[PDB]
Structures are given as structure tokens and as C-alpha cells.
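Only one structure is covered here, and it is reproduced in the block below.
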Amino acid sequence: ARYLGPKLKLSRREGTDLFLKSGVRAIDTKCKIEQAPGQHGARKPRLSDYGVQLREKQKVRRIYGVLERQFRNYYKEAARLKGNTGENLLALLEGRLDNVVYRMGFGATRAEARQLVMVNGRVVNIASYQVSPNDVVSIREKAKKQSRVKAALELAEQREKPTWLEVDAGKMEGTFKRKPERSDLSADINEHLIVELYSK
Amino acid sequence: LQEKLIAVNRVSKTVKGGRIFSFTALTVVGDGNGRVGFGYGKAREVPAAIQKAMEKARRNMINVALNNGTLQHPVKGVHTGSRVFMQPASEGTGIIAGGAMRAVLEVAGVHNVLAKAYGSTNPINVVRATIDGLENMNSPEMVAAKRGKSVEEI
Amino acid sequence: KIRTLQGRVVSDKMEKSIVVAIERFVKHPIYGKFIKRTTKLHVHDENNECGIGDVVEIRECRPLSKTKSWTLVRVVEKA
Amino acid sequence: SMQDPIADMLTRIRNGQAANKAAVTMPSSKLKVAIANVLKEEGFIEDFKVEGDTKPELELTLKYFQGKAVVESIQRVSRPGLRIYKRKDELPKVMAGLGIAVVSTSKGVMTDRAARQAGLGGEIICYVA
Amino acid sequence: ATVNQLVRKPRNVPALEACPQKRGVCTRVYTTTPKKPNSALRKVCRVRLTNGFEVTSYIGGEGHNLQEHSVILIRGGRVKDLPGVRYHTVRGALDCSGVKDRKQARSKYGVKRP
RNA sequence: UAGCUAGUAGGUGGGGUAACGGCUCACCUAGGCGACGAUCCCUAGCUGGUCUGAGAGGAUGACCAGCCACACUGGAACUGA
RNA sequence: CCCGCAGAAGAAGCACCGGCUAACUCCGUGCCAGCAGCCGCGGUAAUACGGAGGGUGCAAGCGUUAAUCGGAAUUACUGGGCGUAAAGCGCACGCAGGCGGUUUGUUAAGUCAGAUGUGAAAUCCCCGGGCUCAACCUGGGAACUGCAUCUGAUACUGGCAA
RNA sequence: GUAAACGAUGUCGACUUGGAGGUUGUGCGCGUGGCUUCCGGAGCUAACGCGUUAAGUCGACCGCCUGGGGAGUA
Ligand SMILES: [K+]
Ligand SMILES: [K+]
Ligand SMILES: [K+]
Ligand SMILES: [K+]
Ligand SMILES: [K+]
Ligand SMILES: [K+]
Ligand SMILES: [K+]
Ligand SMILES: [K+]
Ligand SMILES: [K+]
Ligand SMILES: [K+]
Ligand SMILES: [K+]
Ligand SMILES: [Mg+2]
Ligand SMILES: [Mg+2]
Ligand SMILES: [Mg+2]
Ligand SMILES: [Mg+2]
Ligand SMILES: [Mg+2]
Ligand SMILES: [Mg+2]
Ligand SMILES: [Mg+2]
Ligand SMILES: [Mg+2]
Ligand SMILES: [Mg+2]
Ligand SMILES: [Mg+2]
Ligand SMILES: [Mg+2]
Ligand SMILES: [Mg+2]
Ligand SMILES: [Mg+2]
Ligand SMILES: [Mg+2]
Ligand SMILES: [Mg+2]
Ligand SMILES: [Mg+2]
Ligand SMILES: [Mg+2]
Ligand SMILES: [Mg+2]
Ligand SMILES: [Mg+2]
Ligand SMILES: [Mg+2]
Ligand SMILES: [Mg+2]
Ligand SMILES: [Mg+2]
Ligand SMILES: [Mg+2]
Ligand SMILES: [Mg+2]
Ligand SMILES: [Mg+2]
Ligand SMILES: [Mg+2]
Ligand SMILES: [Mg+2]
Ligand SMILES: [Mg+2]
Ligand SMILES: [Mg+2]
Ligand SMILES: [Mg+2]
């Protein structure tokens, strides 16, 4: 139920930074981001229309560590909800709480943030929890002596912190103010390929 | 212009000595804004065939009256054994079409559409059926024009 | 009103009884064509008023025999 | 034998337009005139006229825009072998609203739009675009 | 067809009996030659099933342990190059042994994990 | 599978039932059903629904709920609202 | 359900990698052994057999078989065909049946409109609510495309009359 | 009671550019009917071709098809 394997290979297979590393040093110095993994790695054949649609879906999955069954259920939810399905799907993935622990800067990676796993002042230890507009997300007091969370925040303080949220120091809390639009997120995900892949 | 290679096929003619293999390339080109053409090229080598196809495609482009990257109304297209149906769709639907129809609709600038190919799905004829369907699609303005009415009356 | 059907007498051979064909015109469930359908009812006719071909109003009543649960109301048209 | 005069009228129009005829003539009837009135008002034909008394003949003046015929398609829907009636909510849209369906309602022959605004269903005579 | 005509008149593994497997007893065990263009000694067996049907079944993998009066589980699956062979024997079920010294696709040949 | 039917179809009267009724019996009439498929043969519990499908359909009726039927097999009544 | 203890400790597999189809090499074998859903693969340099290394897909599951619908517009009502691909009876007359030129009147069966009654609850769907989340449970709605009755409309179809 | 019984093309009706013939009526070189043959236009068709005697555009009704075999067999 978790991918517990070498993490750089995913970014290598996708051929893009998926933000899967802590950032103690550069991605180029860590691995060959240009090259796909394995013995036949410097090779790069033509990929089919199917193969392209697959790799876009596997991109959006492998960032978050969402396995296929759970990802499929998000697609179904996104298609069900009113309006644009591809946008609804990204909104649902962005609405997840386990993004937030990482994104607010408590884990160095999402894998670390997931090891570390309060919303509206109530404890929630579920990665898949959909955080709503106007909800305050925050940390406990009992585990603020961990060096992990200290280091992770210093890693977080070099990134561009998200632009629909409000992370705070000390008591360490922030409001999910609104759901992100597609404008907020990377114009790089071609989510129509995922919509098309599941329509197949 | 966006350019897409739909199909490459190895064809053969027999001669005294034996068989002479050659390649055919079916391509579509479009501006992503209601202009699209297809090209069919033949050559002894694959890259020459594609180049010939792309040159043909650029000069044989037709205009399609789009609406918001979808169609004006349901359209039927026919060519040879290929019969295609295409319908306007809502935003976020994507191109719900088979590969040959998808390539045409994508370069034409149709983002949202529901399609189905009946009869033969031979790419060469599906592309002709699709472009045939698109080029005879009416906008409200030309309907208003031909009927001698205003668009609000239509 | 009280509920009635109208139909054509197709037999008057029984004593105090007639057979009435009710014709109905119904859309075919699959193919959509409108089709003629017939329901034959055994009807009570105390006086033996009716004859083969008459149009009759009939009403539902209590069972009067094995096959009869309808009675004659009027003759609409004599044949 | 001749068993659908309305299909015949539609065909005379269809074939007239394909042959670039200025007008088409046919044996008249009250229903043909009612349909001709709808085609005129919606701007598919230019004009019509009935001539005669014992044997009246309906003439339809066809219209062309930029060379092309204006009636691009005209198809019988309800026909003697299969009558088609629709409730007000199930009235057909022809060409996503850009065409018309001619509907016989209890308030006379009219377009699908006019039927829908009047709150009437009826028999679907034909689709025109 | 016209509407009136339609109104008048509207529009491979039989021995399993829609079961996923059936048990059977081997009545003969032999080899047979495939049809063209193939060449091999393909290991088959005639099997009388618990429902009384007698069928030819294929024995897959490298080397088998089946005699006459061996009790096997068959599943669906024709062998393309043996006409009239419509069933496969399940390896590692009942009497039929697992394939000796298999390491890939082990679950298809009834071979426990080394 | 093209003909089927003699309490068979209807009537009158007696009896019977909680109750209408060939429900039953006597007498009278000769009806009644059937190509809009009677009769005969084969398969089957029915439905809300379920699966699939863009829909129209197709397949299906396990679990849950409504209805029916059965209680070793065949038959019978008694008691009792 | 909460708090405390100890220590990464007690916990990863299955299928696949010739095309269709995401993923390729070496070694063994030499039309054999074997593979195979379909096309096919194997007769000495096999990405197709068997092992290995690498890889892809799923993951407490993964594969296989069985079974239904889909794709299949391949029974086509929506939505197909019949000169030569399967398909026009050898030809006609004709009962039942289907269909029916044109005008007026009438009727209101079809058709259409409105109303009323019914269409169990659950399920599906929508907006909410509750279990940390989810599944699951649940409030209200929508839906149940139907059926019946009553009151109207009368163009079209049917009946009747001329 | 069957044939490659063939136009391998069901019957009836309406509509839709032309050209050249044959045959058989009829009105004043010029019309107007019936039947028939060849070529070809749009359109249609997988193509071949069909093309006012449609395989074009429509309507009514019937007959028939549903992979090759097994079999027009039991
Ligand atoms: K071979
Ligand atoms: K009896
Ligand atoms: K009696
Ligand atoms: K059902
Ligand atoms: K019993
Ligand atoms: K009691
Ligand atoms: K059809
Ligand atoms: K009337
Ligand atoms: K050609
Ligand atoms: K016939
Ligand atoms: K067969
Ligand atoms: Mg799980
Ligand atoms: Mg060309
Ligand atoms: Mg096909
Ligand atoms: Mg009595
Ligand atoms: Mg009774
Ligand atoms: Mg049973
Ligand atoms: Mg479908
Ligand atoms: Mg049951
Ligand atoms: Mg059933
Ligand atoms: Mg008692
Ligand atoms: Mg590949
Ligand atoms: Mg080798
Ligand atoms: Mg299956
Ligand atoms: Mg189907
Ligand atoms: Mg076909
Ligand atoms: Mg032949
Ligand atoms: Mg043939
Ligand atoms: Mg013939
Ligand atoms: Mg005849
Ligand atoms: Mg009439
Ligand atoms: Mg009425
Ligand atoms: Mg309910
Ligand atoms: Mg009338
Ligand atoms: Mg014959
Ligand atoms: Mg002859
Ligand atoms: Mg001849
Ligand atoms: Mg023949
Ligand atoms: Mg002759
Ligand atoms: Mg010709
Ligand atoms: Mg015979």
C-alpha cells in the first residue's frame, strides 16, 4: 500500500522533477534527471499515444504516492462533480491533507510527512482527508522537539510557499482559504490526457 | 501549424525481379483555431513519405467554424466505407474520439467533442469523413444569412 | 361519470349473454408503430336486446357466471 | 400508389433544390399549404401560391443564397407506415436549434420552437435545415 | 426490414458446464503432433470428467507425472495447434504436480516459491 | 405443436360458501376458446431492483425488502378469527 | 478510544516486457524442449521457449479459468443490408393484414394539454448530516420515464355523414 | 414443380440535366403518346459500374440475409 522503493527513478522515468527529494543538494548532482532508469536508459524510443497518456497519469500519481485504486476513485469523483473534470481531479488531489503537512513544511518529503502522520483543532491521521475552504490545519505540541520538523521547515523556507494558504511560525498553523484554480497549479500537467485515459 | 502523423503503411508492387516495397504516410496539419488539412505522401523511404504528406497537408487546408473549441451542432461525415458522428461537448470533456478522428480534431482546435466512427475505420477514409463532417458544419450566422433572419431569430 | 367501455357485438348466440370486442389502438413498445389490439369480454344482456354488429356501452359488475363480469349499459348503434 | 403526399412535397423540394429549379409545382392541399406557410415564415422558401379551384396547384419559389440551396436537408419524420408524436418536453431540436421541426399541434402546424413556447406537443411532420 | 415485418417477426468450453474448473480421471495419456506449420510432441490426455463428458486436455510446462487413472483439475483454454483440444490441466492441483525447476510465472505452473 | 372444449359456454331452479361464481347438482339452450397463437411441448418462482450500456437495449432476480409457493412423498380433513 | 514501554524492530508479493500493449539485454536450447488471447514464435547469434540481469504494471494482493454486458451499427427501435460480397419467391392472382387522393361537417378513438389519485421502503442520483477519513450509516429532495381517472384542445391519423 | 427459371436487380406511385437510335400510334418540316436499345451528366457505389426503363431522390407493402464449412444435409 506504499511505494517504498528508490524515489529518483520515478522522476527519471517521468523525465521531470516531481519534487520527491528533500533538497540537501541538487537533483542533477543526485541523479541523471535527463536519463530514464535502467540498463536501456540512455535509449528513448517513440512512445505511443497510449504510452503518453499513461506517463501523464503516472506523473500525477507518483508525486503524491497515490496508488492506482485510490487514484481511479479520485477520477470517478472528479467526473461526478459539476464542471471541468480534469480541473476537479487536480482540485481533489490538492485538497488532500497529506500534501499539506509536506507543503506547510513539517516533512522533508511527502514520505517523511506521511511517517509524521490537526484540522479545525481536531486530530486527523488520514493522508486522504479532503481539507475544505476556511479550515485551519495545524501541528501538535507533543512532537515539536523532533529535529526532522526543524530541518524540514528550513527546506520549506527556500521553496515558493503556496499562494492560497497561510503557513505560520511557532504554533505552526494555516488556513485552507479556498480551493486552487487551474491557474494556481503548474501549466505542465496535461490533465486532459488523464481524463482521456480513463474514458478509454 | 501543429502537425500530426496518423499512420505509416508499407505497401508493395510486384515486378519481374520480385517485390518493390514503399511507404505511405497520412498526416494532418492545423492552426488549432478552425483550420485543418490532411496530406497523403508516398516514397521509398519513411521520412520522405512523411515530408511529402506534410507538404500536401499545408496546401489543402479548409476552414471550420468552431464554437469555444467545440462543434456548432451534431454532424455526420461519410467517405468510402467510413461513417463518422461528432457531437458538441461541455468544457473538460476532452476529445472523446478514436485516434484518426482525434488527430484531426486536435489540430483543428476542437478541444471538447464526443465522436464515434462507424463502418470502416481505415485511417485514410476516416480522416476524409471527419474533415467532410467539419467543413459542412454551419454556424448560426451563415444560417441566419441564408434564411434572411437575425441570429436572435435563429 | 361512471366507468364504461364501448365495443362491437361479435356473438349473440348465448341466452342473456353477448361477446363484445373492445378495439384499442396502442403504440408498439419497441418499434413505435400504432397497432390494433382486441379484448373480447363476455357481457350480460338480460333482455337479449343486442345483435351481431351493434355498438354497445358496457360496465364492469360482480361475477354473473364463470366468464361474465360485465353488463350491458346501452346500445349506441344497431346494425 | 401515392400514399404520402407530404413526403412527395418534401421530395419535390429536395429534388428541385438539387436541380437548381427556380420553382416547384405540385397538387395542393390544406396541409401542404400549412407546411408551405411555415417554410416561408422561417425563410427556407421565398414564396408560395395556390392556383386553381377544382384541381388547385401549389407552386413553391425556392431560394438560393451564395449559389448553394438554402434547404440543405429536408426529411419526412412521421410517415403513414410509422406515425411519430411527441409531448412538449420531448419535441426534437434540429441541428442544435439552427434547423426546424415542423409540428402539427391542436393549434395548427408550427415550428418546434413555437410549439414549445405554446406548451403543445404534436405530430412531427418533418425536419428542415 | 420494415417496421411491420419486425412487428410480425422481431429481431468453446462446453464440458466445464459454466464452472471455472472440473475434476476428471485420465483415460489415456499420450503425445500428438501439432498441425502445420508446427512440429513437436505435445503432451495431451483424454479425461473423463465428474459430469461424464470425455475431453482431451493439454498438459503444459516442461515434464509431467500423469498416468491412466490420474485425477486432475482442468480449466478452459484451447491449444491453437491441436484441433479439438479445448482444455488445459491445472499444474500443482490434486495429483498433477508442479513443473520441476520453474522460476518465472511460477503461479501458472503450480510451483512453490524457492 | 392448429385446432381445443361436455360442467364444456350460457340460462333457469335447488343446494353450497364469509362472500360473487358451473362452486355443485338437475333440467334447458348449443354454445365457449383459437393465427391478436387456443391446445400441446420445453424452460422458469414474480417484483422492487442488480450488472452492463452514452442511451435505446442486453443480461439477470444471490444478499436486502414486497408478493407467491412449498415443509420426507401422495392424499385428507379437524381445531381455529 | 486514550496514555505509557521497547526497538527498525514482527510484516512484499504477483503478473508481465515480439505486435496489439506500458517495459530489452545476455546466457542455455536448436521445428527439440517448449510458448500462444489473436497474428504467430522455436530447424545455431530467439527482445516470443527456459534461466539470469535490468525494466514495466498492479500491490496485500496478483495472476489464471468461468460467467454477463461492452466494444459488436455483428439482429441495426434509436441504428444495417439484398446487381457482382450472405440476401428479390420462377411468375402471377388474391383472402386476412399493413397502407390510403381531395373538400366540408361531425366525433374525439389515436394524439396533445392540464389537474387529481397512485407509482411501498431500500437502491440509483442531488444537496446536506454522522463515524478521525473512506467504505459504511443517515436527513430532505429529485427521480420512479408508468398506470388510471377527470376536464379541455382538434392540426394530424382513425370513426361517421355528405 | 425444378433451371445461371438472370437484368443474378420484388411490386406500385411521385420527383430529378442531356445525346443518338429502333418500333408502334396520333395532331398541325414541326409537335404529342406507348414500348424498347445504346451512350453519358448530377447523384449514388467498395469498386466495377448504375444513371428518367436508376443501382439517383422519396413514400407503401411484401420476400429475403446475418462468417466459411457441416448443409439446403439429418
Ligand atoms: K513452426
Ligand atoms: K365447472
Ligand atoms: K346457474
Ligand atoms: K428487468
Ligand atoms: K408437496
Ligand atoms: K384463536
Ligand atoms: K433499422
Ligand atoms: K378528425
Ligand atoms: K477505381
Ligand atoms: K412479396
Ligand atoms: K460455424
Ligand atoms: Mg487496499
Ligand atoms: Mg489525392
Ligand atoms: Mg466492418
Ligand atoms: Mg343459481
Ligand atoms: Mg369465477
Ligand atoms: Mg424450478
Ligand atoms: Mg452501444
Ligand atoms: Mg428469491
Ligand atoms: Mg425475467
Ligand atoms: Mg372451523
Ligand atoms: Mg511498447
Ligand atoms: Mg541464442
Ligand atoms: Mg470472457
Ligand atoms: Mg448491439
Ligand atoms: Mg452489413
Ligand atoms: Mg458467387
Ligand atoms: Mg450472392
Ligand atoms: Mg425476379
Ligand atoms: Mg399483385
Ligand atoms: Mg387520407
Ligand atoms: Mg382521446
Ligand atoms: Mg421508492
Ligand atoms: Mg377526418
Ligand atoms: Mg431455386
Ligand atoms: Mg430464360
Ligand atoms: Mg437473358
Ligand atoms: Mg434468383
Ligand atoms: Mg413487352
Ligand atoms: Mg450509362
Ligand atoms: Mg432435401
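A, B, ... follow the sequence lines: proteins, then strands. Residue 1 opens every chain. Below, all heavy atoms of this structure are taken into account, side chains as well, without hydrogens, waters or symmetry copies.
- G:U118 and G:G105 make neither a Watson-Crick nor a G-U wobble pair with both donor-acceptor distances under 3.5 Å.
- Pairing status of F:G61 against F:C51: not a Watson-Crick or G-U wobble pair with both distances under 3.5 Å.
- Aromatic ring centroids of D:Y85 and C:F34 lie under 6.0 Å apart.
- For F:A26, the paired nucleotide is F:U12, the pair qualifying as Watson-Crick or G-U wobble because both relevant distances are below 3.5 Å.
- A Watson-Crick or G-U wobble pair links G:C125 with G:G141, both defining distances under 3.5 Å.
- With rounding to whole Å, A:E77 atom CD is found 10 Å from G:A134 atom P.
- If you check H:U26 against G:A96, you find neither a Watson-Crick nor a G-U wobble pair with both contacts below 3.5 Å.
- The aromatic ring of B:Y118 is stacked on the base of G:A73, with the two ring centres less than 5.5 Å apart and the planes inclined by under 30°.
- If you check G:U64, G:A59, H:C15 against the side chain of D:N15, the one that comes closest is H:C15.
- Backbone-only engagement by A:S48 is indicated by non-hydrogen atom pairs under 4.0 Å involving sugar-phosphate atoms exclusively.
- Across all strands shown, the partner of G:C82 is H:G63, judged by Watson-Crick or G-U wobble contacts whose two distances both fall under 3.5 Å.
- Contact annotation: E:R78 reaches the phosphate of G:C38 (side-chain N/O to OP1 or OP2, under 4.0 Å).
- Comparing H:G59, H:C64, G:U145 by their nearest atom to the side chain of D:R76 picks out H:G59.
- Looking at A:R61 and A:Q58, their side chains do bring a donor and an acceptor atom within 3.5 Å of each other.
- In this structure, C:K36 atom NZ and G:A96 atom P are separated by 14 Å, rounded to whole Å.
- Closest approach to the C:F25 side chain among G:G110, G:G80, G:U56 is made by G:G110 (side chain taken as heavy atoms from C-beta onward).
- Base stacking between strand neighbours G:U64 and G:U65 is present, with six-membered ring centres closer than 5.5 Å and ring planes inclined by less than 30 degrees.
- For G:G53 with G:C24, the Watson-Crick or G-U wobble criterion holds, each of the two distances under 3.5 Å.
- Under a cutoff of 6.0 Å and an axis angle of 45°, B:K116 and B:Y118 form a cation-pi pair.
- Looking at A:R96 and A:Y74, their side chains do bring a donor and an acceptor atom within 3.5 Å of each other.
- Under the side chain to side chain donor-acceptor pair (under 3.5 Å) criterion, E:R42 pairs with E:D81, sequence neighbours left out.
- When the rule of centres under 5.5 Å and planes under 30° is applied to the neighbouring bases of G:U132 and G:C133, their six-membered rings do not qualify as stacked.
- Residue-level contact check: C:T38 touches the bases, meaning some heavy atom is under 4.0 Å from a base atom.
- Spacing between F:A18 and F:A2 at atom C1', rounded to whole Å, works out to 44 Å.
- Side-chain proximity of E:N38 to G:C35, F:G34, G:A148: nearest is G:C35.
- H:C6 and H:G25 are not base-paired, meeting neither the Watson-Crick nor the G-U wobble geometry with both donor-acceptor distances under 3.5 Å.
- Classification of the G:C26/G:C27 step: stacked, the six-membered rings being closer than 5.5 Å at their centres and less than 30° apart in plane orientation.
- OP1 or OP2 of H:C62 sits under 4.0 Å from a side-chain N or O of E:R8.
- Pairing check for G:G90 against G:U56: the two fail the Watson-Crick or G-U wobble geometry, since the two atom distances are not both under 3.5 Å.
- Here G:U25 sits opposite G:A52 as a true base pair, Watson-Crick or G-U wobble, both distances under 3.5 Å.
- Among the nucleotides G:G51, G:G34, F:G11, the one closest to any side-chain atom of E:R42 is G:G34.
- The separation between C:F34 atom CZ and G:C112 atom P is 7 Å, rounded to whole Å.
- E:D81 has its CG atom 12 Å from the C1' atom of G:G42, to the nearest Å.
- Atom-to-atom, CG of B:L114 to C1' of F:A54 comes out at 8 Å; the value is rounded to the nearest Å.
- In this entry G:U74 has no Watson-Crick or G-U wobble partner, no candidate having both defining distances under 3.5 Å.
- The CD1 atom of D:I74 sits 14 Å away from the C1' atom of H:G59 (whole-angstrom rounding).
- Summarising the geometry, the separation between CZ on E:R106 and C1' on G:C16 is reported as 14 Å, rounded to the nearest angstrom.
- Between A:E14 and A:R62 there is a salt bridge, since a side-chain N of the basic residue sits under 4.0 Å from a carboxylate O of the acidic one.
- Between the side chains of C:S69 and C:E60, no donor-acceptor pair is found at a separation under 3.5 Å.
- Considering only the side chain of D:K21, H:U16 comes nearest among H:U16, G:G4, H:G59.
- When distances run from any side-chain atom of E:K108 to the nucleotides H:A60, G:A15, G:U151, the shortest one goes to G:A15.
- Of the candidate nucleotides H:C61, H:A60, G:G50, G:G50 has the atom nearest to the side chain of E:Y109.
- Taken together, G:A109 and G:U157 constitute a Watson-Crick or G-U wobble pair, since both relevant N/O distances lie under 3.5 Å.
- Summarising the geometry, the separation between CE on C:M14 and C1' on F:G11 is reported as 11 Å, rounded to the nearest angstrom.
- Between F:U60 and F:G49 there is a base pair of the Watson-Crick or G-U wobble kind, both donor-acceptor distances falling below 3.5 Å.
- Residues D:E123 and D:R83 are paired through a salt bridge, judged by an N-O separation under 4.0 Å between the basic side chain and the carboxylate.
- Taking the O4'-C1'-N9-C4 or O4'-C1'-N1-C2 dihedral as appropriate, G:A33 has a value more than 90° from 0 and is therefore anti.
- Using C1' as the reference atom, F:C41 and F:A77 are 36 Å apart when rounded to the nearest Å.
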